[PDB]
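The structure file model.pdb is reproduced below (PDB, C-alpha atoms).
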ATOM      1  CA  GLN J   6      13.456   6.177 -23.664
ATOM      2  CA  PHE J   7      10.476   7.146 -21.534
ATOM      3  CA  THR J   8       9.907  10.410 -19.739
ATOM      4  CA  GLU J   9       8.631  10.744 -16.206
ATOM      5  CA  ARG J  10       4.959  10.805 -17.102
ATOM      6  CA  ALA J  11       5.249   7.512 -19.054
ATOM      7  CA  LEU J  12       7.582   6.061 -16.461
ATOM      8  CA  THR J  13       5.066   6.775 -13.774
ATOM      9  CA  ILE J  14       2.504   4.723 -15.644
ATOM     10  CA  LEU J  15       4.974   2.003 -16.489
ATOM     11  CA  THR J  16       6.212   1.917 -12.889
ATOM     12  CA  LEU J  17       2.665   1.660 -11.693
ATOM     13  CA  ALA J  18       1.959  -1.135 -14.093
ATOM     14  CA  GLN J  19       4.870  -3.167 -12.787
ATOM     15  CA  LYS J  20       3.922  -2.256  -9.233
ATOM     16  CA  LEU J  21       0.409  -3.471  -9.901
ATOM     17  CA  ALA J  22       1.741  -6.794 -11.096
ATOM     18  CA  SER J  23       3.389  -7.032  -7.694
ATOM     19  CA  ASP J  24       0.286  -5.628  -5.926
ATOM     20  CA  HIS J  25      -1.516  -8.631  -7.357
ATOM     21  CA  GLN J  26       1.506 -10.869  -6.622
ATOM     22  CA  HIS J  27       1.531 -12.013 -10.214
ATOM     23  CA  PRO J  28       4.683 -13.485 -11.910
ATOM     24  CA  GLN J  29       4.228 -11.244 -14.908
ATOM     25  CA  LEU J  30       3.069  -7.880 -16.019
ATOM     26  CA  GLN J  31       0.015  -8.112 -18.255
ATOM     27  CA  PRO J  32      -1.878  -5.508 -20.387
ATOM     28  CA  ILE J  33      -4.486  -5.512 -17.613
ATOM     29  CA  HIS J  34      -1.989  -4.151 -15.124
ATOM     30  CA  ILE J  35      -1.130  -1.409 -17.478
ATOM     31  CA  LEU J  36      -4.786  -0.586 -17.978
ATOM     32  CA  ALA J  37      -4.971  -0.580 -14.198
ATOM     33  CA  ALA J  38      -1.928   1.766 -14.239
ATOM     34  CA  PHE J  39      -3.887   4.062 -16.497
ATOM     35  CA  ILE J  40      -6.568   4.189 -13.832
ATOM     36  CA  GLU J  41      -4.795   4.549 -10.507
ATOM     37  CA  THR J  42      -6.189   7.506  -8.643
ATOM     38  CA  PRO J  43      -8.763  10.305  -9.205
ATOM     39  CA  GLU J  44      -6.333  13.054 -10.134
ATOM     40  CA  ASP J  45      -7.993  15.057 -12.941
ATOM     41  CA  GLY J  46      -4.875  15.910 -14.986
ATOM     42  CA  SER J  47      -4.362  12.195 -15.526
ATOM     43  CA  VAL J  48      -5.157  11.922 -19.186
ATOM     44  CA  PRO J  49      -5.095   8.064 -18.807
ATOM     45  CA  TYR J  50      -8.175   8.296 -16.478
ATOM     46  CA  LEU J  51     -10.097  11.561 -15.844
ATOM     47  CA  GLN J  52      -9.307  14.525 -18.147
ATOM     48  CA  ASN J  53      -9.038  11.827 -20.671
ATOM     49  CA  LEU J  54      -9.620  10.682 -24.153
ATOM     50  CA  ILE J  55     -12.321   8.374 -22.767
ATOM     51  CA  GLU J  56     -14.765  11.083 -21.619
ATOM     52  CA  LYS J  57     -14.105  13.089 -24.709
ATOM     53  CA  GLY J  58     -14.786   9.877 -26.664
ATOM     54  CA  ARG J  59     -18.164   9.656 -24.795
ATOM     55  CA  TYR J  60     -17.227   6.735 -22.546
ATOM     56  CA  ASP J  61     -17.587   6.160 -18.821
ATOM     57  CA  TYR J  62     -14.100   5.822 -17.348
ATOM     58  CA  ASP J  63     -15.443   4.452 -14.072
ATOM     59  CA  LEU J  64     -17.375   1.805 -15.886
ATOM     60  CA  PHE J  65     -14.176   1.031 -17.709
ATOM     61  CA  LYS J  66     -12.453   0.820 -14.317
ATOM     62  CA  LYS J  67     -15.118  -1.736 -13.337
ATOM     63  CA  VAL J  68     -14.165  -3.667 -16.464
ATOM     64  CA  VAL J  69     -10.545  -3.502 -15.497
ATOM     65  CA  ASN J  70     -11.303  -4.686 -12.001
ATOM     66  CA  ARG J  71     -13.400  -7.537 -13.393
ATOM     67  CA  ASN J  72     -10.388  -8.540 -15.389
ATOM     68  CA  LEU J  73      -7.917  -8.055 -12.507
ATOM     69  CA  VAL J  74      -9.804 -10.455 -10.263
ATOM     70  CA  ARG J  75      -9.420 -13.092 -13.003
ATOM     71  CA  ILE J  76      -5.638 -13.108 -12.621
ATOM     72  CA  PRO J  77      -4.889 -16.863 -12.016
ATOM     73  CA  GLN J  78      -2.528 -16.396  -9.100
ATOM     74  CA  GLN J  79      -1.487 -14.151  -6.281
ATOM     75  CA  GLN J  80       1.323 -16.328  -4.957
ATOM     76  CA  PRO J  81       4.064 -14.280  -3.107
ATOM     77  CA  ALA J  82       7.342 -16.029  -3.946
ATOM     78  CA  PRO J  83       6.308 -16.535  -7.688
ATOM     79  CA  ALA J  84       5.601 -12.793  -8.063
ATOM     80  CA  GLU J  85       7.706 -10.377 -10.168
TER      81      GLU J  85
ATOM     82  CA  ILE G  86     -33.188 -15.672  19.325
ATOM     83  CA  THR G  87     -29.396 -15.868  19.877
ATOM     84  CA  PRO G  88     -25.878 -14.349  19.399
ATOM     85  CA  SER G  89     -25.146 -17.794  17.745
ATOM     86  CA  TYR G  90     -22.407 -20.358  18.242
ATOM     87  CA  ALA G  91     -20.821 -18.837  15.155
ATOM     88  CA  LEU G  92     -20.171 -15.611  16.915
ATOM     89  CA  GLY G  93     -19.467 -17.161  20.230
ATOM     90  CA  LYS G  94     -16.476 -18.431  18.259
ATOM     91  CA  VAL G  95     -15.746 -15.131  16.434
ATOM     92  CA  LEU G  96     -15.900 -13.035  19.538
ATOM     93  CA  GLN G  97     -13.851 -15.479  21.574
ATOM     94  CA  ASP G  98     -11.324 -15.426  18.757
ATOM     95  CA  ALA G  99     -11.420 -11.623  18.911
ATOM     96  CA  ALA G 100     -10.587 -11.989  22.610
ATOM     97  CA  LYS G 101      -7.603 -14.180  21.684
ATOM     98  CA  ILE G 102      -6.488 -11.415  19.373
ATOM     99  CA  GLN G 103      -6.699  -8.964  22.239
ATOM    100  CA  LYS G 104      -4.279 -11.052  24.174
ATOM    101  CA  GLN G 105      -1.973 -11.291  21.166
ATOM    102  CA  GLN G 106      -2.130  -7.495  20.867
ATOM    103  CA  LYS G 107      -1.752  -6.689  24.624
ATOM    104  CA  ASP G 108      -5.108  -4.788  24.668
ATOM    105  CA  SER G 109      -7.403  -5.137  27.732
ATOM    106  CA  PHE G 110     -10.747  -4.510  25.902
ATOM    107  CA  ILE G 111     -12.064  -6.035  22.700
ATOM    108  CA  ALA G 112     -11.484  -3.824  19.701
ATOM    109  CA  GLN G 113     -13.972  -3.800  16.877
ATOM    110  CA  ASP G 114     -10.906  -4.272  14.721
ATOM    111  CA  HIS G 115     -10.158  -7.562  16.343
ATOM    112  CA  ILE G 116     -13.705  -8.522  15.686
ATOM    113  CA  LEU G 117     -13.107  -7.603  12.024
ATOM    114  CA  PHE G 118     -10.219 -10.014  11.848
ATOM    115  CA  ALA G 119     -11.918 -12.879  13.656
ATOM    116  CA  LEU G 120     -15.078 -12.222  11.674
ATOM    117  CA  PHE G 121     -13.426 -11.982   8.338
ATOM    118  CA  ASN G 122     -11.581 -15.258   8.898
ATOM    119  CA  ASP G 123     -14.855 -17.129   9.290
ATOM    120  CA  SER G 124     -16.602 -15.434   6.361
ATOM    121  CA  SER G 125     -15.782 -15.784   2.678
ATOM    122  CA  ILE G 126     -17.577 -13.980  -0.158
ATOM    123  CA  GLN G 127     -16.617 -16.378  -2.906
ATOM    124  CA  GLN G 128     -18.508 -14.832  -5.747
ATOM    125  CA  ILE G 129     -16.827 -14.877  -9.159
ATOM    126  CA  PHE G 130     -17.411 -11.186  -8.595
ATOM    127  CA  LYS G 131     -15.405 -11.608  -5.405
ATOM    128  CA  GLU G 132     -15.981  -9.217  -2.587
ATOM    129  CA  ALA G 133     -14.388 -11.558  -0.125
ATOM    130  CA  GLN G 134     -12.454  -9.361   2.152
ATOM    131  CA  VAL G 135      -8.975  -8.689   0.915
ATOM    132  CA  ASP G 136      -6.855 -11.095   2.835
ATOM    133  CA  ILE G 137      -4.893 -10.471   5.987
ATOM    134  CA  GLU G 138      -1.938  -8.608   4.580
ATOM    135  CA  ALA G 139      -3.974  -5.716   3.278
ATOM    136  CA  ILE G 140      -6.372  -5.938   6.162
ATOM    137  CA  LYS G 141      -3.683  -5.844   8.785
ATOM    138  CA  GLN G 142      -1.611  -3.130   7.218
ATOM    139  CA  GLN G 143      -4.609  -0.919   6.988
ATOM    140  CA  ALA G 144      -5.615  -1.779  10.538
ATOM    141  CA  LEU G 145      -2.179  -0.827  11.850
ATOM    142  CA  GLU G 146      -2.407   2.451   9.981
ATOM    143  CA  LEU G 147      -5.700   3.377  11.681
ATOM    144  CA  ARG G 148      -5.521   6.865  13.163
TER     145      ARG G 148
ATOM    146  CA  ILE C  86      22.013 -24.230   0.068
ATOM    147  CA  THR C  87      18.456 -23.669   1.399
ATOM    148  CA  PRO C  88      16.178 -22.783   4.434
ATOM    149  CA  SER C  89      14.034 -25.725   3.327
ATOM    150  CA  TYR C  90      10.368 -26.218   3.948
ATOM    151  CA  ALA C  91      11.266 -26.238   7.585
ATOM    152  CA  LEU C  92      12.206 -22.582   7.813
ATOM    153  CA  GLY C  93      10.091 -21.498   4.882
ATOM    154  CA  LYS C  94       7.046 -22.509   6.908
ATOM    155  CA  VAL C  95       8.409 -20.879  10.073
ATOM    156  CA  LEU C  96       8.958 -17.543   8.378
ATOM    157  CA  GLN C  97       5.590 -17.692   6.617
ATOM    158  CA  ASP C  98       3.897 -18.444   9.921
ATOM    159  CA  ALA C  99       5.792 -15.537  11.471
ATOM    160  CA  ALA C 100       3.977 -13.373   8.891
ATOM    161  CA  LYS C 101       0.665 -14.837  10.134
ATOM    162  CA  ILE C 102       1.710 -13.638  13.575
ATOM    163  CA  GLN C 103       2.089 -10.099  12.182
ATOM    164  CA  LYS C 104      -1.547 -10.280  11.207
ATOM    165  CA  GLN C 105      -2.401 -11.433  14.723
ATOM    166  CA  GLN C 106      -0.422  -8.592  16.360
ATOM    167  CA  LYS C 107      -0.984  -5.676  13.883
ATOM    168  CA  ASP C 108       2.799  -5.576  13.376
ATOM    169  CA  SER C 109       3.988  -3.818  10.206
ATOM    170  CA  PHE C 110       7.158  -5.986  10.161
ATOM    171  CA  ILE C 111       8.019  -9.520  11.191
ATOM    172  CA  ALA C 112       9.440  -9.551  14.736
ATOM    173  CA  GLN C 113      11.987 -11.943  16.224
ATOM    174  CA  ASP C 114       9.220 -13.105  18.551
ATOM    175  CA  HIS C 115       7.005 -13.951  15.604
ATOM    176  CA  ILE C 116       9.830 -16.081  14.343
ATOM    177  CA  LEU C 117      10.089 -17.691  17.741
ATOM    178  CA  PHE C 118       6.393 -18.438  17.990
ATOM    179  CA  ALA C 119       6.481 -20.015  14.551
ATOM    180  CA  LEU C 120       9.709 -21.816  15.349
ATOM    181  CA  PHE C 121       8.273 -23.136  18.601
ATOM    182  CA  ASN C 122       5.158 -24.438  16.823
ATOM    183  CA  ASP C 123       7.147 -26.534  14.320
ATOM    184  CA  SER C 124      10.509 -27.329  15.987
ATOM    185  CA  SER C 125      11.209 -29.628  18.917
ATOM    186  CA  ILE C 126      14.288 -31.174  20.454
ATOM    187  CA  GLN C 127      14.481 -34.797  19.533
ATOM    188  CA  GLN C 128      16.164 -36.539  22.445
ATOM    189  CA  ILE C 129      15.443 -39.761  24.384
ATOM    190  CA  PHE C 130      14.008 -37.242  26.879
ATOM    191  CA  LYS C 131      12.488 -35.109  24.066
ATOM    192  CA  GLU C 132      11.250 -31.622  24.900
ATOM    193  CA  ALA C 133       9.137 -28.853  23.392
ATOM    194  CA  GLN C 134       8.193 -25.315  24.423
ATOM    195  CA  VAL C 135       4.887 -24.382  26.146
ATOM    196  CA  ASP C 136       2.260 -23.427  23.609
ATOM    197  CA  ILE C 137       2.601 -20.021  22.069
ATOM    198  CA  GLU C 138      -0.311 -18.390  23.870
ATOM    199  CA  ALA C 139       1.602 -18.902  27.104
ATOM    200  CA  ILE C 140       4.758 -17.836  25.318
ATOM    201  CA  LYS C 141       3.095 -14.692  23.905
ATOM    202  CA  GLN C 142       2.228 -13.734  27.457
ATOM    203  CA  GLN C 143       5.971 -13.759  28.109
ATOM    204  CA  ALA C 144       6.695 -11.932  24.828
ATOM    205  CA  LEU C 145       4.460  -9.098  25.827
ATOM    206  CA  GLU C 146       6.669  -8.366  28.863
ATOM    207  CA  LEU C 147       9.442  -7.143  26.565
ATOM    208  CA  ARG C 148       8.706  -3.617  25.316
TER     209      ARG C 148
END

Using the file provided, produce a representation of the structure as C-alpha cells.
Amino acid sequence: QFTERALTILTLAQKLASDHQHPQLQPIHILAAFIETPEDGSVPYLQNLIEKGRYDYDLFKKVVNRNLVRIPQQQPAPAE
Amino acid sequence: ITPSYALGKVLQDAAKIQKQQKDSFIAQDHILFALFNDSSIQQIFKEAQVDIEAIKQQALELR
Amino acid sequence: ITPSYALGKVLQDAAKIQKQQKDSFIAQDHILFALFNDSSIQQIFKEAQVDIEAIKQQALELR
C-alpha cells in the first residue's frame, strides 16, 4: 500500500476534489496536492525535483491554478 | 461627485447585515459581504471573490 | 422517501442565513427563517409568519 507521506498527498488530492466540490478526483487535484503549502521539505513542491530541474514551482502552481479554475462544476451535492 | 446609488445600496445592505448579526455599528466585514455580492470579477482568469462559504468561514475566524 | 425540493430549498436557504450571520454551523433559527420564507398554512383563513427581518429581531433575544 501507501505510506504516510504518499497518503498525505493522496488524502490531499481527494480533499481538493471536495474543496472544489467536484464529483471526481482528477490529475489536476493531485498536482494541486503536490503543491499545498510552502513547507520546504515537501519534495512535491519546494525542495523539489522541479527547482533542481531548473523550473519555477510557483509558476507551475499558477499553471495548476489556471487548470483548477477550469473545473466544470463546483456543485455541493454532486461532489465526492 | 457622489457616494453613488450603488453604494447607497451596498452600505444599506451592510446595515441589514448588522441587524442579522446583532452588531450596533457597521463592520467593514459586513461591507465586504454586501459589496462582494454586488460585484463579480468574471474573467476567465477569475478573481471573483470566492463565494460566501469561504468568505463567511474566514470572516467568522477573524481574530 | 425524501425531503423533496421543499425542504432541500429550506435547508439550502438556512445555509445562506449562516453567511448572513457569520455562523459556522446551521442553526435551528436559520432553518426557521428559511422555513418561514417558503412554508405557509393553507387554510380558508390562510396564515403566514411575519417577514424574517422582524422574526430575526425575535431570534436575537435568545442567547

Chain G contacts on chain C, all atoms listed in the file, 9 Å, as a list in words: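 Residues satisfying the distance criterion: residues 100, 101, 102, 103, 104, 105, 106, 107, 108, 109, 138, 141, 142 and 145 of chain C.
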
Hits from the ChimeraX specification (/J :<12) & /G, listed as an MDAnalysis selection string: chainID G and resid 127:133 135:136 138:139

Chain G on chain C, all Cα pairs in order, RMSD: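 Here the RMSD amounts to 1.8 Å.
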
Determine the axis-aligned bounding box of all atoms of region 120-132 of chain G present in the file, pad each side by 8 Å, and express its centre and edge lengths in Å to one decimal place as JSON.
{"center_x": -15.0, "center_y": -13.2, "center_z": 1.3, "size_x": 22.9, "size_y": 23.9, "size_z": 36.8}

Expected selection from the PyMOL selection byres ((chain J and resi 12-29) around 8), given as a ChimeraX atom specification: /J:7-11,30-31,34-39,76,78-81,83-85
